[PDB]
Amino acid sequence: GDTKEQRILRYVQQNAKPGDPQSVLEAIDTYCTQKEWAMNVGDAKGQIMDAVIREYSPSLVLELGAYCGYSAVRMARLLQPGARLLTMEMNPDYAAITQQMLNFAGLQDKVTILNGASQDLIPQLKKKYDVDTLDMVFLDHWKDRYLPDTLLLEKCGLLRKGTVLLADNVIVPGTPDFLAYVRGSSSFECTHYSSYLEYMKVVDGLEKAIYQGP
């Protein structure tokens, strides 16, 4: 008390413009470069995310892991009018920071926070949250959950031909089982985007895995 996440939110509120997502991203990146490192996707990998979002213009995006809402703000600002982001966050303190971050950025109408474990929420998406299929999934939660949640998404019928999975941290901390699985599966077309760990001179990367159907 206070936490790093509360300090990041306060910094944004006092160093960005309300309703200006770009200024929010810049404020978070400045804080995390100059004051305290935090596990936001960051600008380096964020620019790759931007390129992917702009290519596919997804109407419905699922994010696994919100943290402080950096990637939610990053993706939501590039969504077309009426397009929507659902973000799953198990940590209630993170969920509170993310909501306030979205509110400040003026993106609250485009993004909905789902509270709970992804393994509990994913099976509820169709009946409770009126989802048919997902256009894109951003994986950025517990690294050992990338593979089981991907398999659960398929089981629940939430993936379609062309659904884009984009996974953060496939190098550091790394997601070896997920990476081996999607790269070895005929149901995925994979591309690796080499980059750097947020705010650090350390190699990381994103994996894009496009679902091909069964």
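Numbering starts at 1 and runs along the sequence shown. What we label the rigid core is the largest C-alpha set whose atoms superpose within 1.5 Å from one form to the other.
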query	finding
165-173 against 45-53 - segment lying farther from this form in 5 other deposited structures of this protein (CA RMS, rigid core fit)	165-173
Between stretches 31-39 and 177-185, more displaced by Cα RMS in 5 other deposited structures of this protein (rigid core superposition)	31-39
Higher-scoring stretch by recorded Cα B factor average, 125-133 or 106-114	125-133
29-37 or 42-50, whichever carries the higher mean Cα B-factor	29-37
Among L139, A83, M88, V73 - the residue whose C-alpha B-factor is largest in the record	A83
Top residue by Cα temperature factor, when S59, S187, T163, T150 are compared in the entry	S187
For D2, the third of its chain into which the C-alpha B factor falls	highest
Chain thirds of CA B-factor: placement of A16	highest
